[PDB]
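So the structure is just underneath, and the comments pick up after that.
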Amino acid sequence: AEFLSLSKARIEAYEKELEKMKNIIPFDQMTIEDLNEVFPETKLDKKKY
Amino acid sequence: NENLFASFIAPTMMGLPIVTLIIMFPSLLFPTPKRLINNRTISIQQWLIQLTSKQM
């Protein structure tokens, strides 16, 4: 029952992730930082191409 | 002796007026947006860089 114990919170955290994923897309012309959660940014000299 | 060209003698002047305004002025022709979708006049400046950044 450890799968029924541990992955139950992993189900609801994935279920809550589907709630915030609806929030981010918003308007077409929405934001330059709210779109900076899914698509990534990094430190200096990461993107080679 | 049909078509006689002419010429005018006049000094051709590369003078030196106030330069530090004239240098700064082609910076303000290019804006920079803090938005995701832009406004269709920066968007063809932003595309023109992403060509010739892929050759140097």
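Naming scheme: A, B, ... for chains in displayed order of the structure tokens; residues 1 onward per chain; ligands 1 onward as shown.
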
Contact set, chain B to chain A: 12 Å, only C-alpha atoms, as a CSV table (one decimal) with C-alpha atoms, in the first residue's frame:
```
chain,number,residue,atom,x,y,z
B,33,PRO,CA,9.9,45.3,-26.2
B,34,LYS,CA,9.3,43.7,-22.8
B,35,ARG,CA,6.4,41.6,-24.1
B,36,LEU,CA,6.0,38.1,-25.6
B,37,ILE,CA,4.2,39.0,-28.8
B,38,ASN,CA,5.5,42.2,-30.3
B,39,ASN,CA,4.1,44.9,-32.5
B,50,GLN,CA,18.2,35.9,-36.0
B,53,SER,CA,23.4,35.7,-35.9
B,54,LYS,CA,23.4,32.3,-37.5
B,55,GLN,CA,26.3,33.0,-39.8
B,56,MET,CA,28.8,34.6,-37.4
```

Residue list (helix (DSSP H, G or I), DSSP) for chain A, as a PyMOL selection string:
chain A and resi 2-24+34-36

Restricted to N, CA and C atoms, what would the selected residues look like written as a short mmCIF file (atom, residue, chain, number, x, y, z; two decimals), in the first residue's frame?
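Output file again-v4.cif is given in full below:
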```
data_model
loop_
_atom_site.label_atom_id
_atom_site.label_comp_id
_atom_site.auth_asym_id
_atom_site.auth_seq_id
_atom_site.Cartn_x
_atom_site.Cartn_y
_atom_site.Cartn_z
N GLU A 2 2.18 1.10 -0.11
CA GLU A 2 3.07 2.25 -0.15
C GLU A 2 2.92 3.02 -1.46
N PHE A 3 2.57 2.33 -2.54
CA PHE A 3 2.18 3.02 -3.77
C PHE A 3 0.87 3.76 -3.57
N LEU A 4 -0.05 3.18 -2.79
CA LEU A 4 -1.30 3.87 -2.48
C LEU A 4 -1.09 4.96 -1.44
N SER A 5 0.05 4.95 -0.75
CA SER A 5 0.34 5.99 0.22
C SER A 5 1.14 7.13 -0.40
N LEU A 6 2.23 6.81 -1.11
CA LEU A 6 3.16 7.84 -1.56
C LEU A 6 2.69 8.48 -2.86
N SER A 7 2.18 7.69 -3.80
CA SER A 7 1.85 8.23 -5.12
C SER A 7 0.48 8.90 -5.12
N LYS A 8 -0.24 8.85 -3.99
CA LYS A 8 -1.51 9.55 -3.90
C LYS A 8 -1.31 11.06 -3.87
N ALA A 9 -0.27 11.51 -3.16
CA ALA A 9 0.10 12.92 -3.21
C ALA A 9 0.71 13.28 -4.56
N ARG A 10 1.36 12.31 -5.20
CA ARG A 10 1.91 12.54 -6.54
C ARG A 10 0.81 12.64 -7.58
N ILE A 11 -0.35 12.05 -7.30
CA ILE A 11 -1.50 12.20 -8.19
C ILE A 11 -2.10 13.59 -8.04
N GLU A 12 -2.26 14.05 -6.80
CA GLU A 12 -2.90 15.35 -6.56
C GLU A 12 -1.97 16.50 -6.93
N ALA A 13 -0.66 16.31 -6.79
CA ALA A 13 0.29 17.33 -7.23
C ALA A 13 0.32 17.42 -8.75
N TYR A 14 0.13 16.29 -9.43
CA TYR A 14 -0.03 16.31 -10.88
C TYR A 14 -1.40 16.86 -11.26
N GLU A 15 -2.41 16.61 -10.43
CA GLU A 15 -3.73 17.17 -10.68
C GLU A 15 -3.75 18.67 -10.44
N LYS A 16 -2.99 19.14 -9.45
CA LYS A 16 -2.89 20.58 -9.22
C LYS A 16 -2.01 21.24 -10.26
N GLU A 17 -1.11 20.46 -10.89
CA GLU A 17 -0.29 21.00 -11.97
C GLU A 17 -1.12 21.25 -13.22
N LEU A 18 -2.21 20.49 -13.39
CA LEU A 18 -3.10 20.73 -14.53
C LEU A 18 -3.96 21.96 -14.30
N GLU A 19 -4.11 22.37 -13.04
CA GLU A 19 -4.86 23.59 -12.74
C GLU A 19 -4.05 24.83 -13.07
N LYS A 20 -2.77 24.85 -12.68
CA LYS A 20 -1.93 26.01 -12.94
C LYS A 20 -1.52 26.09 -14.41
N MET A 21 -1.52 24.95 -15.11
CA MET A 21 -1.16 24.95 -16.52
C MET A 21 -2.24 25.61 -17.37
N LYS A 22 -3.49 25.58 -16.89
CA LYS A 22 -4.55 26.33 -17.56
C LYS A 22 -4.35 27.83 -17.35
N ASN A 23 -3.87 28.21 -16.18
CA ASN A 23 -3.64 29.61 -15.84
C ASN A 23 -2.58 30.35 -16.67
N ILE A 24 -1.48 29.66 -16.95
CA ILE A 24 -0.36 30.25 -17.68
C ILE A 24 -0.58 30.69 -19.13
N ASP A 34 5.60 35.17 -17.53
CA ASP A 34 4.72 34.04 -17.24
C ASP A 34 4.92 32.93 -18.25
N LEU A 35 5.38 33.28 -19.45
CA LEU A 35 5.81 32.26 -20.41
C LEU A 35 7.22 31.80 -20.12
N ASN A 36 7.87 32.41 -19.12
CA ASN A 36 9.22 32.01 -18.75
C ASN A 36 9.21 31.01 -17.60
#
```

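A straight line drawn from CA of residue 43 (chain A) to CA of residue 28 (chain B) is 28.9 Å long.
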